[PDB]
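Below is one structure, written out as structure tokens; the observations come after it.
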Amino acid sequence: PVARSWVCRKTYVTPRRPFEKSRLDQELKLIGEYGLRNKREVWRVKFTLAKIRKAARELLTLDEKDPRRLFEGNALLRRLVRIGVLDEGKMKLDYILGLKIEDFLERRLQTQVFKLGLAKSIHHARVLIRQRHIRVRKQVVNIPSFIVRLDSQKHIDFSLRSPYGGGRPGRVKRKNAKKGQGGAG
Amino acid sequence: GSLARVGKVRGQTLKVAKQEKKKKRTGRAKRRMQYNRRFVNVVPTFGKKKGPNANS
Amino acid sequence: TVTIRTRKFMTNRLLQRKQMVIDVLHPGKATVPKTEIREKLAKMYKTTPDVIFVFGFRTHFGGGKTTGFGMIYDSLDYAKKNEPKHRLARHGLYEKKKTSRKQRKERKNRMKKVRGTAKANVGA
Amino acid sequence: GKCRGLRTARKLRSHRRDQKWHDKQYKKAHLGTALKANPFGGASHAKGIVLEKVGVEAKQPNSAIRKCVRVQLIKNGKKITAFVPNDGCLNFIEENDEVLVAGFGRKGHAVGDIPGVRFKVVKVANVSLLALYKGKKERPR
RNA sequence: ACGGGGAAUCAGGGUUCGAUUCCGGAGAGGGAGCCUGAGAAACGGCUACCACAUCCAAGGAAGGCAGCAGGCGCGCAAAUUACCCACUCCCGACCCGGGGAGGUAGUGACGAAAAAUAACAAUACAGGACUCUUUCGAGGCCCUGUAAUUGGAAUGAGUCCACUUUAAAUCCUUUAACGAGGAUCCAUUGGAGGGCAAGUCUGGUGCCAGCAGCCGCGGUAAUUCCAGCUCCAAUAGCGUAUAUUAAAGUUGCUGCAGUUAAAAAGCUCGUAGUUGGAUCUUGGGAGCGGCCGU
């Protein structure tokens, strides 16, 4: 009778066939082209669309101009506009399925270091985010799986405890005070 | 039957000592060359799709 | 540098308390301890640093912000009335007893042997 | 469905309820005949004391001795032929020793060239047969 | 077989599961009878009988963990004889009282979420959209490299003053000084014929020992054994065994099948059951829509 949650779900699909050459071909291209950590990191990217798809397939199949359709069909056209993929005026409940796997990594913060042109390469959209040197509106972010909306893309900027932002020089420049200023005094 | 010659072939493999190892890159670090080597390091040449360990 | 704006101010008169959701801004330093903050509404809302019970500084992911809280009471005659006894040991003028539950929940119940008034022939 | 009628739910359900017993997997999981005759008795594993060793001959074209172990369990007191899984690991098993015994995979069936031997050894008295074969743990005595 | 709220799987239907924290019931070793109280047929009440079992000064007493730890037995199988009135809200005479309820720390790879073990600059050395020249080579804006090159850079493991945190703190956290070049801050667990991603490599074994879910492999050339190497898969996980669901259109409502693969009673009669022929209000009357919809 304890005040404990126990409310937890999985994030990634359990891939039905284990040694499709096509799966080891197609879903390994989603590592080096986008900089990911293992095959588990590739697998949840579909599951987020598998959540979107499952209702979106059925949010067309409701009655024509029904207020349960026209609110919940437009409740997702208030949702999937906001994340910043489908157009501002050319939003449409029918084009929602016309939407592929990397459309998340076109918008998701795991890539957004490389996207605007504020990186070195594709892999560089992990290591700065591994050490929380960026933020979203005076709010530091260490987890690279942040859902950046349409609105807060220009607000993707740097922290104040960051030598690669608007901050102070760090530790090895202070540990070079043992090598450089140890030999200089 | 003959519970005497049990594990006959286990013992008589001349124990060739395990040659030492620089640890393989782990986590994401495995999956960098594994992107480069499969797709983009090589040019598609003439013939069949060859094997990784195919020591012909 | 603790730039405090006393946000969401509300006067409860049936607990006689001036309460607010102080939105705190103090970037660069560590956490702001409970040594300095009661001395700011000594120079902001100009009451005593003695009757106010300031607590609940909630950090966001980064550690350059909290959002605080305090309650002004009318006097030190009201400093221990609409305030439970846990927070009144937190400023010196009150101390809990030391006798542990493995004594106390047993000391009252070790006396359960012999009948009546003079049960105190067991535990001291 | 040979009958399709609108008020035929008390023949579709009753006929399905009858013909489901002719399913050999269903009847096995729903009678009190198979459940009791299982040497384990609805268990995934079982400890048992080794009371002799049997060099079971390999079934067909493969002529080899599958060095197995006769095992009487604790919970039942019923006897079991137990295959010693990895190479020549019968010399880690001695008579009157508690061994942890599992099934093999085909679910109460003789797997491969061991005729009627339905079980395998996993551990020998709280040291695994893997660690004994790999050389990671010492024999517990 | 405690039931339901639910759970797992799921095109659609379905199928298995629910002892487990919320609700309803039931029980306090087994039954049975009762006092008290508004409310028990109560067992952290009592009285017996039946079983179990600790005292005994051997006359006679005392007892219920399916409350919380902890034994013992059982087994494949499951923790420390931690820490309080702070949320709650109830009980009490009642703001002052008191509650292993509620409630915090250990053991915890049952599980689920995040997440390290190099991302960058240029010397190693190979490519190509490219200028040139038959190939050559130079030249190099746009990167792809990675080899026991040089490296610099950092946040976070280990070690940590303190406080925001707490019914006392500890743990992330907020955070000081200290703490990374085989970044010893070191990743294993399985397979490597086929299904099925990945060696016709070398010794050793010689139908032996074994591997192998299935097919099968070993008969002195073993791509399968036992090993070394390199590789492949997943990755702080993975292998295994059992029940169970999908695959199973191999239980068929959607959706199977019955000449010969398993199967139509030998044959009609027949009662419930199941299913049952056509047939009973038709067109125009009255305004508008851009002959005819409403």
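Counting begins at 1 with the first residue displayed.
Quick reminder: no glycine exception, Cβ is built from N, Cα and C everywhere.
Straight from Swiss-Prot, the features:
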type	residues	note
CROSSLNK	A:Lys92	SUMO2 cross-link
CROSSLNK	A:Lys138	SUMO2 cross-link
DOMAIN	A:107-181	domain 'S4 RNA-binding'
MOD_RES	A:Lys65	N6-acetyllysine
MOD_RES	A:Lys115	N6-acetyllysine
MOD_RES	A:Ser152	phosphoserine
MOD_RES	A:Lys154	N6-acetyllysine
MOD_RES	A:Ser162	phosphoserine
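Everything Swiss-Prot records as a feature, shown here on the structure.
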residue  : record           : contacts (Cβ under 8 Å, 6+ apart)
A:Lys65  : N6-acetyllysine  : none
A:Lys92  : SUMO2 cross-link : A:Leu77, A:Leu86
A:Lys115 : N6-acetyllysine  : A:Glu106
A:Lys138 : SUMO2 cross-link : none
A:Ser152 : phosphoserine    : A:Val136, A:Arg137
A:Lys154 : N6-acetyllysine  : none
A:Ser162 : phosphoserine    : A:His133, A:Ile134
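Across the domain 'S4 RNA-binding' (A:107-181), the DSSP tally of helix, strand and coil residues reads 16 helix, 8 strand, 51 coil.
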